[PDB]
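Peer 1:
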Amino acid sequence: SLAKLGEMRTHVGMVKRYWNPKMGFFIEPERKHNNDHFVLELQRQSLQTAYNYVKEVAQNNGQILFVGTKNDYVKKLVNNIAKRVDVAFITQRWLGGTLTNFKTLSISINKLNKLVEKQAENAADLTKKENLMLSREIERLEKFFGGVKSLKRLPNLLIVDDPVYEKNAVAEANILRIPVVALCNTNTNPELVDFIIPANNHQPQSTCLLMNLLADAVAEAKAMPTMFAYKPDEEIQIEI
Amino acid sequence: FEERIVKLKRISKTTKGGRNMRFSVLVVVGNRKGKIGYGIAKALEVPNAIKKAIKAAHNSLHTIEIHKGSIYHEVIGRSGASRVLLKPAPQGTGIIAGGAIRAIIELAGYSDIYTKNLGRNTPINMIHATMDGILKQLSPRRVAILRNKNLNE
Amino acid sequence: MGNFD
RNA sequence: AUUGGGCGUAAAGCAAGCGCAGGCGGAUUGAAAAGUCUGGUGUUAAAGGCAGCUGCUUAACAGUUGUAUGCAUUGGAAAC
RNA sequence: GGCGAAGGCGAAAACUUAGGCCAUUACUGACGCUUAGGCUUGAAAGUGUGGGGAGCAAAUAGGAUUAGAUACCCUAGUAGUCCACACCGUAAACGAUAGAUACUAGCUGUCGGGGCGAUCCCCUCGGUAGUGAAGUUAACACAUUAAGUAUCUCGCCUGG
RNA sequence: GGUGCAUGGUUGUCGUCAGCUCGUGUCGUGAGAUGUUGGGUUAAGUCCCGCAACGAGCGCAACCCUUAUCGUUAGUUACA
Ligand SMILES: CN[C@@H]1[C@H](O)[C@H](NC)[C@H]2O[C@@]3(O)C(=O)C[C@@H](C)O[C@H]3O[C@@H]2[C@H]1O
């Protein structure tokens, strides 16, 4: 129904035989190609289910936060998607405690407001040390609390690139009652994710295509244009 | 909504140039109508520890179901090697329990139940085992939906 | 289920 | 600790092995039924436990109405 | 790394013998597990009979050391350490885990058997190790060779 | 007059050493750990990058004073 299979050409390429046998129903015989290869029909069905759920959630003002922490490609991806659609985002991964309670988020947003509206009148009046401290505090807030400045209630949804390397937030979400949608190839615990996406993120092109697809999925909620949902073209771009 | 104490203890960590004495408090919270929980806290004095324990227990609040004002099926709960054996009490006999178990059962809004303790009694471990056993409770609708028959028997 | 409200 | 516990570091798995007796055991069918399940019959005294009733001013009590495992014969059931 | 039930087993060869693994397309007909009592084996030190006794060396002597040193250090010197015969039956004789029976996610090395084949890798049955989810144990930790799952038998356990 | 092992106040020492604990949340049935951890940079949890941690207080630095440059005030009993 969406994203015809002719555009998915390099959807595999995960690590060699280092996985979790909690999966397997989504995987074809492993020892036949020495790589984690997925079945594409169930892939498209899961993608359609994820699209349906995210559009249902966002239709009623469901705000989402991206999870982008890997080295180079996902950084630019999350930057582009966050600057395109008015949603919160995470630059560097959580240190714990920034998602389990709102009071810390409240003092963080208060610090951000005070800092910006005070540094608006303090840039060269005193020594370079205090101005540099103000700039460093701004940059630190961008590093950790950069995207969390437009929310008054706890985030109702979040999209994760992989449960590994982001275990803290997903564990809190298991503790919490918030639904979870995430990417996972085979190195996950499927119990911790409620909307499984068996889409491999090893190849950058597939990650870019899926991220743009989800951005367009959340785009229709706020009445903003869509770019790559039914387009008969696959995103091809040499790794930077 | 009752917040009765269970067991308050003196604890202390030993450090170079003095050891820090403090109070540890165990609390259990129950509306007597279904919302129950338990918590631990430690602090330098009474009020901070009490507030910490109340907040912790309120955060971990969870509901519990009532079967004709009784626990309609047997349960042997275990946690930290402390067996708790709970069995239904026919209405018109009264509720029997020991102090900590007394408070736990009365705080959960349970009319009567026959209880027994196996193993070395220990307050926190016993509370954990009892709550694990009570939250393990089944229901006739559960067995009905997991079975083919839609009746109790 | 869907439609998280 | 049959109900109702253990044997790695707290007591406790023998230094290891061959094995008598004992205990426990692959599937299908038959026969009886050695126990078991299930009836009838006779036997488990009286007093006493337990339930109802009655006269002791009344409870204490006493009496009465029944109940109580087990055993043997006898006929069914043949899943173990 | 391998072997055997354990203790234990490493120069070369000659003789006899033990059990193990794989395909069974072969045979007999459940003949299987465990095992009270008994029986066999069972490091090293020692006891008895007799040899041989190069070194090594408890006790023993001397010299240093120490307040003292009947010890660590050094030089001396028997029992013994070797073997033939008949004894002892002790242990940290430890995986401190009795055996057997099946069953319960994976991953990485090593070796043995079978096939394919320059080696190498491949698959299948196994010995043997390490890593690691469920689960278990109070914890440590254990993890298809379980301290998991349940069963059968024997032995052992009741404060110091 | 005595009891600084009965005391307030003040003082020495580690020592101008940089560590001490706190709130929140997580982990573990627990004492507890997590920050304060690892890597660079200084004498310094001064500072930052990463990390199941985020902040916050204390001491440390900055918050006082002088010396050396200059502006600017008054020129005396300096100055002449
Ligand atoms: C040798 N310097 C030490 C060192 O700085 C100690 N911290 C690691 C420090 O610890 C203290 O600050 C304390 O917290 C308690 C006291 C006993 O010693 C104090 O003085 C202690 C200093 O004397």
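Residue numbers (the authors' numbering), protein chains in the order written: chain A, 19 to 258; chain D, 66 to 218; chain E, 163 to 167.
Virtual Cβ for every residue (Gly too), placed ideally from N, Cα, C.
Roughly how many whole angstroms lie between the Cα atoms of D:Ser135 and D:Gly164?
Peer 2: Mapped onto the second sequence, residue 135 of chain D falls at position 70. Mapped onto the second sequence, residue 164 of chain D falls at position 99. Using only the alpha carbons, I get a separation of about 19 Å.
Peer 1: Does the segment 76 to 87 of chain A come close enough to the segment 170 to 190 of chain A that 3 or more CB-CB pairs lie under 8 Å?
Peer 2: yes
Peer 1: So what does DSSP say about A:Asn192, is it helix, strand or coil?
Peer 2: Position 174 of the first sequence, counting from 1, holds the residue named residue 192 of chain A. A:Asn192 falls in the helix class under three-state DSSP.
Peer 1: At 7 Å on the CB atoms, spell out the chain E contacts of A:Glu190, in chain order.
Peer 2: In the first sequence, counting from the first residue as 1, residue 190 of chain A sits at position 172. Chain E residues near A:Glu190: none, gap ~17 Å exceeds 7 Å.
Peer 1: Give the residues of chain E in contact with A:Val75, contact being defined as C-beta atoms less than 8 Å apart.
Peer 2: Taking the first residue of the first sequence as position 1, residue 75 of chain A is located at position 57. Under the 8 Å cutoff, chain E gives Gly164, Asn165, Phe166.
Peer 1: Alpha carbon to alpha carbon, how far is A:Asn149 from A:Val96? Give it in angstroms, no decimals.
Peer 2: Here residue 96 of chain A corresponds to residue number 78 of the first sequence, with the count starting at 1. Here residue 149 of chain A corresponds to residue number 131 of the first sequence, with the count starting at 1. Rounded to whole angstroms, A:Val96 to A:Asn149 spans 29 Å at the Cα level.
Peer 1: Output, in chain order, the set of chain E residues within a Cβ distance shorter than 7 Å of A:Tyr91.
Peer 2: As a working mapping, residue 91 of chain A is identified with position 73 in the first sequence. Residues of chain E with a Cβ closer than 7 Å to the Cβ of A:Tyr91 do not exist, since the nearest Cβ in that chain sits about 30 Å away.
Peer 1: Between the Cα of A:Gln223 and those of A:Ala142, A:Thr28, A:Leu175, A:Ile214, spot the shortest distance and give me the residue it belongs to.
Peer 2: Counting from one through the first sequence, the residue named residue 223 of chain A turns up at place 205. If we check each option's Cα against that of A:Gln223, A:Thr28 comes out closest.
Peer 1: So which of A:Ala189, A:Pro173, A:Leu65, A:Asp234 has the shortest CA-CA distance to A:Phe107?
Peer 2: Your numbering for residue 107 of chain A matches position 89 in the first sequence. Nearest of A:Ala189, A:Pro173, A:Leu65, A:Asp234 to A:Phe107, Cα basis: A:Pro173.
Peer 1: To the nearest angstrom, report how far apart A:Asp251 and A:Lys34 are at their CA atoms.
Peer 2: Position 233 of the first sequence, counted from the first residue, corresponds to residue 251 of chain A. Position 16 of the first sequence, counted from the first residue, corresponds to residue 34 of chain A. Cα-Cα distance, rounded: 29 Å.
Peer 1: Per the contact definition of three or more C-beta pairs closer than 8 Å, is the segment 238 to 247 of chain A in contact with the segment 78 to 95 of chain D?
Peer 2: no
Peer 1: Mind checking which residues open and close the alpha helix (DSSP H) that includes D:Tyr179?
Peer 2: Working through the second sequence from its first residue, we reach residue 179 of chain D at position 114. Segment 178 to 183 is the beta strand (DSSP E) holding D:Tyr179; no alpha helix (DSSP H) there.
Peer 1: Does the beta carbon of D:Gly104 fall short of 6 Å from some heavy atom of ligand 1?
Peer 2: For this step, residue 104 of chain D is matched to residue 39 along the second sequence. Outside the cutoff, so no.
Peer 1: Where in the segment 118 to 192 of chain A do unbroken runs of the beta strand (DSSP E), each at least 3 residues long, occur, reported from the N-terminal end onward?
Peer 2: 175 to 178
Peer 1: May I ask you to check if the CB of D:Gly99 is nearer than 6 Å to at least one heavy atom of ligand 1?
Peer 2: Walking along the second sequence from the start, residue 99 of chain D turns up at place 34. Not so, every heavy atom of ligand 1 lies at least 6 Å from the Cβ.
Peer 1: What does DSSP give as the partner residue(s) for D:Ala106 in the beta ladder?
Peer 2: Here the question's residue 106 of chain D lines up with position 41 in the second sequence. Bridge partners of D:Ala106: D:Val90.
Peer 1: To the nearest angstrom, report how far apart D:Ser147 and D:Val140 are at their CA atoms.
Peer 2: Here residue 147 of chain D is taken as the residue at index 82 of the second sequence, counted from 1. Here residue 140 of chain D is taken as the residue at index 75 of the second sequence, counted from 1. When rounded, the distance between both Cα atoms is 13 Å.
Peer 1: How many Å lie between residue 43 of chain D and D:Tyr103 at the Cα?
Peer 2: Coverage of chain D is limited to positions 66 through 218, which leaves residue 43 of chain D absent and any answer about it impossible.
Peer 1: Tell me whether residue 247 of chain D, by its Cβ, gets closer than 6 Å to a heavy atom of ligand 1.
Peer 2: Missing from the structure shown is residue 247 of chain D; chain D here goes from 66 to 218 and no further.
Peer 1: Please confirm whether D:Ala173 and D:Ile129 have their CB atoms less than 7 Å apart.
Peer 2: Mapped onto the second sequence, residue 173 of chain D falls at position 108. Mapped onto the second sequence, residue 129 of chain D falls at position 64. The Cβ atoms of D:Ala173 and D:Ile129 sit closer than 7 Å to each other.
Peer 1: Below 8 Å, can you find three or more Cβ-Cβ pairs linking the segment 108 to 116 of chain D to the segment 83 to 94 of chain D?
Peer 2: Judged by Cβ distances under 8 Å, the segment 108 to 116 of chain D makes contact with the segment 83 to 94 of chain D, as three or more pairs qualify.
Peer 1: Measure the Cβ-Cβ separation of D:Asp177 and D:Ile160 and say whether it is below 7 Å.
Peer 2: As a first step, residue 177 of chain D is located in the second sequence; it is residue number 112 there, counting from the start. As a first step, residue 160 of chain D is located in the second sequence; it is residue number 95 there, counting from the start. Yes. Within cutoff.
Peer 1: Work out the CA separation of D:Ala209 and D:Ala162 for me, nearest whole Å.
Peer 2: Taking the second sequence and counting its residues from 1, the one referred to as residue 162 of chain D is at position 97. Taking the second sequence and counting its residues from 1, the one referred to as residue 209 of chain D is at position 144. Each residue's alpha carbon lies about 32 Å from the other.
Peer 1: For A:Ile258 and A:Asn98, I'd like the C-alpha separation in whole angstroms.
Peer 2: As a first step, residue 258 of chain A is located in the first sequence; it is residue number 240 there, counting from the start. As a first step, residue 98 of chain A is located in the first sequence; it is residue number 80 there, counting from the start. The alpha-carbon of A:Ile258 is positioned some 15 Å away from that of A:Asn98.
Peer 1: Report all residues from its chain with a CB closer than 7 Å to the CB of D:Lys201; omit the five preceding and five following residues, and keep chain order.
Peer 2: One-based indexing of the second sequence puts residue 201 of chain D at position 136. Cβ within range, chain order: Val140, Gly142.
Peer 1: Tell me, please, whether the CB atom of A:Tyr71 is closer than 7 Å to any CB atom in chain E?
Peer 2: For the purposes of this step, residue 71 of chain A is taken as the residue at position 53 of the first sequence. It does; some Cβ of chain E falls within 7 Å.
Peer 1: Please state the DSSP three-state secondary structure of D:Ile161.
Peer 2: The residue labelled residue 161 of chain D in the question sits at position 96 within the second sequence. Of the three classes helix, strand and coil, the one that applies to D:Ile161 here is coil, per DSSP.
Peer 1: Under 8 Å by Cβ, that's how I've got A:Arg102 and A:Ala233 pegged, so tell me the actual separation to the nearest angstrom.
Peer 2: Against the first sequence, residue 102 of chain A aligns to sequence position 84. Against the first sequence, residue 233 of chain A aligns to sequence position 215. At roughly 6 Å, the Cβ-Cβ gap stays under 8 Å, so A:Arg102 and A:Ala233 are in contact.
Peer 1: So the candidates are D:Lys98, D:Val71, D:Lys72; which of them puts its Cα closest to the Cα of D:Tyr175?
Peer 2: As a first step, residue 175 of chain D is located in the second sequence; it is residue number 110 there, counting from the start. Cα-wise, what sits closest to D:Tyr175 is D:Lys98.
Peer 1: Considering only their Cβ atoms, is the gap separating D:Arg84 from D:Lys107 smaller than 7 Å?
Peer 2: Position 42 of the second sequence, counted from the first residue, corresponds to residue 107 of chain D. Position 19 of the second sequence, counted from the first residue, corresponds to residue 84 of chain D. Cβ atoms of D:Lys107 and D:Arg84: not closer than 7 Å.
Peer 1: How would you call A:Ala138, buried or exposed, if buried means at least 16 neighbouring beta carbons within 10 angstroms?
Peer 2: By 1-based counting over the first sequence, the position of residue 138 of chain A is 120. Note on A:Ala138: under 16 other CB atoms within 10 angstroms of its CB, so exposed under the neighbour-count rule.
Peer 1: What is the C-beta distance between A:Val198 and A:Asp212, in whole angstroms, given that I count them as a contact (C-beta under 8 Å)?
Peer 2: Sequence index remark: in the first sequence, residue 198 of chain A carries index 180 (1-based). Sequence index remark: in the first sequence, residue 212 of chain A carries index 194 (1-based). Indeed, because the Cβ distance is near 5 Å, the residues count as touching under 8 Å.
Peer 1: What residue range is occupied by the uninterrupted alpha helix (DSSP H) comprising D:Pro153?
Peer 2: Taking the second sequence and counting its residues from 1, one reaches residue 153 of chain D at position 88. Premise fails: D:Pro153 lies in the beta strand (DSSP E), 148 to 153, not in any alpha helix (DSSP H).
Peer 1: List, in order along the chain, the chain E residues whose C-beta lies closer than 9 Å to that of residue 267 of chain A?
Peer 2: The structure shown does not extend to residue 267 of chain A, since chain A is modelled only from 19 through 258, so no value can be given for it.
Peer 1: Thinking A:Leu169 and A:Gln81 are a contact (beta carbons under 8 Å), I'd like their distance in whole angstroms, please.
Peer 2: Start at 1 with the first residue of the first sequence, and residue 169 of chain A comes out as number 151. Start at 1 with the first residue of the first sequence, and residue 81 of chain A comes out as number 63. Indeed they touch by this definition, with Cβ atoms about 7 Å apart.
Peer 1: Label D:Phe66 either buried or exposed according to how many other C-beta atoms from any shown protein chain fall within 10 Å of its C-beta, with 16 as the threshold for buried.
Peer 2: For the purposes of this step, residue 66 of chain D is taken as residue 1 along the second sequence, with counting starting at 1. So D:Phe66 ends up on the exposed side.
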